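Asker: based on what follows, work out the 3D shape:
(2 chains, ligands or ions: 4)
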Amino acid sequence: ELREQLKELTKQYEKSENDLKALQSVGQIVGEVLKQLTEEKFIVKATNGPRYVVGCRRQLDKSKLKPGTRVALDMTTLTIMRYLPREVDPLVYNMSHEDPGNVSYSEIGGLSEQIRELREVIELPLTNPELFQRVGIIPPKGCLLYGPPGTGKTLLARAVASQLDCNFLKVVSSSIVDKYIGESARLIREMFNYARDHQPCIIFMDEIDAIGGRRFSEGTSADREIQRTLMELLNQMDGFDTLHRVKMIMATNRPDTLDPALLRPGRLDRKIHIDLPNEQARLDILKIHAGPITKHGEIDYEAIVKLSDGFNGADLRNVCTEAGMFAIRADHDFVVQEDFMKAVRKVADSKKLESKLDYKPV
Amino acid sequence: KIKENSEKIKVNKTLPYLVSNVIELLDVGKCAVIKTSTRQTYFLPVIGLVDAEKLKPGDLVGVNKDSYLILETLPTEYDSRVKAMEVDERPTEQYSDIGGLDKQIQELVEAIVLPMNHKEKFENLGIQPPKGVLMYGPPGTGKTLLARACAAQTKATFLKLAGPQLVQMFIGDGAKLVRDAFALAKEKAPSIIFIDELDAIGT
Ligand SMILES: Nc1ncnc2c1ncn2[C@@H]1O[C@H](COP(=O)(O)OP(=O)(O)OP(=O)(O)O)[C@@H](O)[C@H]1O
Ligand SMILES: Nc1ncnc2c1ncn2[C@@H]1O[C@H](COP(=O)(O)OP(=O)(O)OP(=O)(O)O)[C@@H](O)[C@H]1O
Ligand SMILES: [Mg+2]
Ligand SMILES: [Mg+2]
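Answerer: Numbers count the residues shown, from 1 in each chain, chains lettered A, B, ... in the order given. Ligands and ions are numbered 1, 2, ... in the order given. You can find the structure just below:
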């Protein structure tokens, strides 16, 4: 038994020795080089804000650390120890890594023209970028999926994110806003820096009107800070530095409140309207959302669609859910057309509490 | 020398830690780019006493004050405002204490409780349970009373937000409050979130 006993003890020995070696190491202050002075003096600013002139430990290949490069200054002498790659904020990391479920284009109904416009803007320019060169244009960069609530804008964005390969950055415009000074604009700058670093990229901003609202001439300090964020965003899209292979998608249901500079054709090139489902769109959505429901009758989807006038995709999904609710309440392990009719009338009654939904840009 | 190695490790790992984040995890051998609550970004050539493959950008860690070496991984941050708005001492109001509300109860109870306990009905019928229940009512009736009864009779994680609690200055706040509330409800076992006086926030 001593063999295995001492083997495990030696494994724990290696672990503990590694732990002690780590324990005998101290951290280093990350800054960015500003300029090189005399081959041994570098003006470096620590991220905390102070600026110093510091030395450089020898094996650093001074050519590798140029103005703007992240470096690790020693915590005591502040001398450079190693150059680092550009930082990726934890926010931008999780933005890139959010899971858009596994939504497929087969889960979206009436949106066919809109789907192909979005794909025209996103996919083809990033896969065959020479057709547009031949025709003599620079393919559109920005999309505005605007429409009434629950018409499928976020579902379409999720489908695109799941079904395309290029890098994708998920973000709700209200989850960029921070109370610190300049933090939101800095976060947007880091978004676009990450996008440029990973050149084939898409940036989806859900409910953009959180940030991209109209600019107030009499707003508060908070409004002015959010407007600074908006203007940083506008400069990033169509400012001095051109954007290559980075596309923007922005979803909204109050496009009338967006800044005209944001709605400008140069920034949000193609504004596509995810309108309320028409007759055929309602039929398609109802089939999509009633496919998995165990129906045991003859379903006049046409009648359901006729009574579903003015509904949205979420309303039709709720029609299916309410038919199921009626089934359980009746203690039935299936659904029928009487249940579907009751559900659609219930949702129609619920729709009476809404307000204006036909909001358009410009 | 396991004993003495652990002794030295404990001496270095004595409290108090400084809680920082793991904003970036670089490969060079793995290194950290932590940012500490003193608002100071420190690059750690050696991550420390916690496994490298257990840290992801943004998670909360404990760090040595001087060496700034990661020592522990700490739970997620929930504003003490989003923890203080969780129901611990459950209300006590049986549905029998409710008056002329029977259909309204039945409807709520269904949409909320049934997907929690009898999810098998939903799964076998191939349905997505109803998501949100909005209780409109004139200034009277039994909206908050029924919410109290549900929280008392549910035996789940109940989180009473109220409306004007989520409206704050310091732009970003309020949104952070909502995000933290929903994240806490998600991490906890099946949970309800009660928005009292929704029109304060949903205008
Ligand atoms: N065209 C559609 N086809 C299928 N399902 C749809 C469609 N439109 C909406 N839905 C359903 O609506 C719910 C998701 O809606 P989604 O988040 O896409 O809405 P939205 O248009 O972005 O609205 P909001 O303005 O409220 O954010 C899901 O139930 C999805 O099935
Ligand atoms: N149907 C009812 N049965 C029993 N008590 C009721 C009923 N409706 C109201 N009450 C009484 O009303 C008081 C609390 O009302 P509650 O907080 O539920 O109102 P609400 O619907 O949330 O309205 P609001 O906040 O606009 O005043 C308690 O005394 C409760 O007993
Ligand atoms: Mg949406
Ligand atoms: Mg109330």
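
Asker: what about the helix or strand where residue A:18 lies and chain B, touching?
Answerer: Element membership for residue A:18, per DSSP states H and E: helix A:2-23. Yes. Contact of helix A:2-23 with chain B (CB under 8 Å from any CB of the partner chain) involves A:9, A:12, A:13, A:16, A:17, A:19, A:20, A:21, A:22, A:23. From N, CA and C alone the C-beta is placed, and that goes for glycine too.

Asker: which one of the residues you listed is nearest residue B:197?
Answerer: residue A:22 (52.0 Å; CB to CB).

Asker: just give me the neighbour total for the closest one.
Answerer: 20 (other CB atoms under 10 Å in any protein chain shown).

Asker: all the strands of the stretch 151-300 of chain A, residue numbers only.
Answerer: Taking DSSP state E, counting those that start in this stretch as the criterion, the stretch 151-300 of chain A contains strands spanning A:167-172, A:201-206, A:246-252, A:270-273.

Asker: looking at the ones you listed, which is nearest to ligand 1?
Answerer: Between ligand 1 and these, the shortest separation by CB to the nearest ligand atom is 5.5 Å, and it involves strand A:246-252.

Asker: which strands and helices sit next to that closest one?
Answerer: helix A:113-127, strand A:142-146, helix A:153-163, helix A:183-197, strand A:201-206 (3 or more CB pairs under 8 Å, 6 or more residues apart in numbering or on different chains; DSSP states H and E).

Asker: hmm, 7 Å instead?
Answerer: Using 3 or more CB pairs under 7 Å, 6 or more residues apart in numbering or on different chains; DSSP states H and E, the elements in contact with strand A:246-252 are strand A:142-146, helix A:153-163, strand A:201-206.

Asker: in contact with the closest residue to residue B:54 other than its chain neighbours, which residues?
Answerer: The shortest distance from residue B:54 to any non-neighbouring residue, by CB to CB, 6 or more residues apart in numbering or on different chains, is to residue B:73 (6.5 Å). If you count contacts by CB atoms under 7 Å, 6 or more residues apart in numbering or on different chains, residue B:73 has them with B:50, B:54, B:55, B:59, B:61.

Asker: and stretch A:45-53, what's buried?
Answerer: A:46, A:47 (16 or more other CB atoms under 10 Å in any protein chain shown).

Asker: that one and chain B, are they touching?
Answerer: Yes. Interface with chain B: stretch A:45-53 contributes A:47, A:48 (CB under 7 Å from any CB of the partner chain).

Asker: which SSE is the residue in chain B positioned nearest to ligand 2 in?
Answerer: For chain B and ligand 2, the shortest gap (CB to the nearest ligand atom) falls at residue B:99, measuring 2.6 Å. In the assignment (DSSP H and E), residue B:99 maps to no helix and no strand.

Asker: burial count for it?
Answerer: So residue B:99, with other CB under 10 Å, has 9 neighbours.

Asker: with adjacent residues omitted, what lies nearest to it?
Answerer: residue B:142 (6.7 Å).

Asker: repeat that for residue B:21.
Answerer: residue B:35 (5.0 Å).

Asker: do you know how far the residue of chain A found nearest ligand 2 is from residue B:134?
Answerer: Closest residue of chain A to ligand 2, CB to the nearest ligand atom: residue A:353 (16.7 Å). Residue A:353 is 9 Å from residue B:134, where distance means CB to CB, to the nearest Å.

Asker: neighbours of the residue of chain B found nearest ligand 1, just the number please.
Answerer: Here the residue of chain B nearest ligand 1 is residue B:128; by CB to the nearest ligand atom that distance is 7.8 Å. Neighbours of residue B:128 under the rule other CB under 10 Å: 15.

Asker: quick check, it in contact with residue A:323.
Answerer: No. Using CB atoms under 7 Å, residue B:128 is not in contact with residue A:323, being 11.7 Å away.

Asker: which residue sits closest to residue A:93, ignoring its sequence neighbours?
Answerer: Residue A:93's closest residue in space is residue B:57 (CB to CB, 6+ apart), at 4.2 Å.

Asker: so the one you found sits against residue A:95, correct?
Answerer: No. Counting by CB under 7 Å, residue B:57 stays clear of residue A:95, with 10.5 Å between them.

Asker: now do the strands in chain B.
Answerer: Ranges of strands within chain B are B:18-21, B:25-27, B:30-32, B:35-36, B:40-43, B:60-63, B:70-73, B:157-160, B:191-194, based on DSSP state E.

Asker: can you tell me if the fifth one touches chain A.
Answerer: Yes. When contact is scored as CB under 7 Å from any CB, part of strand B:40-43 falls within range of chain A: B:40, B:41, B:42, B:43.

Asker: same question for the third one.
Answerer: No. Applying CB under 7 Å from any CB, one finds strand B:30-32 out of contact with chain A, separated by at least 8.4 Å.
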